[PDB]
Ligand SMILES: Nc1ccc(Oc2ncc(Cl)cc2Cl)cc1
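Okay, so here's just one chain, in structure tokens, the form solved without the named molecule.
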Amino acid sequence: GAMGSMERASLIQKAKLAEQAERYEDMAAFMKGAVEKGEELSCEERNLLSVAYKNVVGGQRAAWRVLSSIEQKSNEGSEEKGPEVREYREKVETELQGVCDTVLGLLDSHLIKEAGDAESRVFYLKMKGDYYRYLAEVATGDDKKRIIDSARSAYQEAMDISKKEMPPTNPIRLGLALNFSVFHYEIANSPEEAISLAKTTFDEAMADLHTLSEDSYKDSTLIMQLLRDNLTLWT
């Protein structure tokens, strides 16, 4: 690993600098190096890992959607333009899959198995669901069903733990429910399940806000608003 010679603390420090500089590929590489040191990650470090790869894959997903839309238009009275659109869509797709495989590999070797506290285990299982979901967005072949089921299974295990071990306002639990609801709506073709999950999550969080400090209230209501935003689009 290219980061093998750098101190763990230096990798974390540089990840934070990379974030400030909006250098998300660098940030992700630094955080991958930090994970590969073999020690568990603190809450702050988990969030650096997630922010870094979310930004990287987000740029790839947006690019893939642009190219896929052009490719679909080319297959409608449309003039033949050769293999280039498909080729370039495939190039971006392969790079996106590579990033997802990298994240899933870090989770499997060995972040999840060492994560015993609910906050860390739920966080990593949610990430596993997310990156299988991004794989599912581009999957078209004989493994699409297994990719979808891998996302579902990771989200479901995260949900089971979060309901047992975390309050309904916990921001990790809320973000998991938000993402699993989008999985249901967009990936599993289950809009009713998506709506039910988002509504129940929102309502149970609402009922628990009274227990929170001002700062926790702000954290939780921010994510609740995202649930509401989706419900408004879906109903």
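For clarity, a rigid core is taken as the largest C-alpha set superposing within 1.5 Å between two forms. Note that residue numbering follows the sequence shown and begins at 1.
- Greater C-alpha displacement in 9 other deposited structures of this protein (rigid core superposition, RMS over structures and residues), of 205-213 versus 54-62: 205-213.
- At least a third of the other compared entries skip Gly77 while keeping the residues on either side.
- According to the record, the deposited sequence contains no missing residues between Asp142 and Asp143, so the chain is continuous there.
- Averaged over CA atoms, B-factors in the entry run higher in 221-229 than in the other of 221-229 and 10-18.
- Comparing 118-126 with 81-89, the stretch with the higher mean C-alpha B-factor in the PDB entry is 81-89.
- In the deposited coordinates, the residue among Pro167, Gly38, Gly33, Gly175 with the greatest CA B-factor is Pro167.
- Within the listed group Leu197, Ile70, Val57, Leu49, the record reports its top CA B-factor for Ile70.
- The entry lists a Cα temperature factor for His110 that places it in the middle third of the chain's modelled residues.
- Annotation for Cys100: C-alpha temperature factor in the lowest third relative to the rest of the modelled chain, per the entry.
- Among the modelled residues of its chain, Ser162 has a C-alpha B-factor that falls in the middle third according to the deposited record.
- Among the modelled residues of its chain, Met206 has a C-alpha B-factor that falls in the middle third, as given in the PDB entry.
- Among the modelled residues of the chain, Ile147 sits in the highest third by CA temperature factor in this PDB entry.
Keep in mind that the form deposited with the named molecule bound is missing from the display, and what follows is about it.
- With the site C-alphas superimposed, the ligand pose in the bound PDB entry sets the named molecule onto this chain such that no atom is closer than 2.4 Å to backbone or C-beta atoms; an open site results.
- The shortest heavy atom separation between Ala188 and the named molecule in the bound PDB entry exceeds 4.5 Å.
- Although the partner is absent here, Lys199 is a contact residue: one of its heavy atoms lies within 4.5 angstroms of the named molecule in the bound PDB entry.
- Not displayed here, the named molecule is approached by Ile195 to within 4.5 Å at the level of heavy atoms in the bound PDB entry.
- With contact defined as any non-hydrogen atom lying within 4.5 angstroms of the named molecule in the bound PDB entry, the stretch 24-57 contains no contacting residue.
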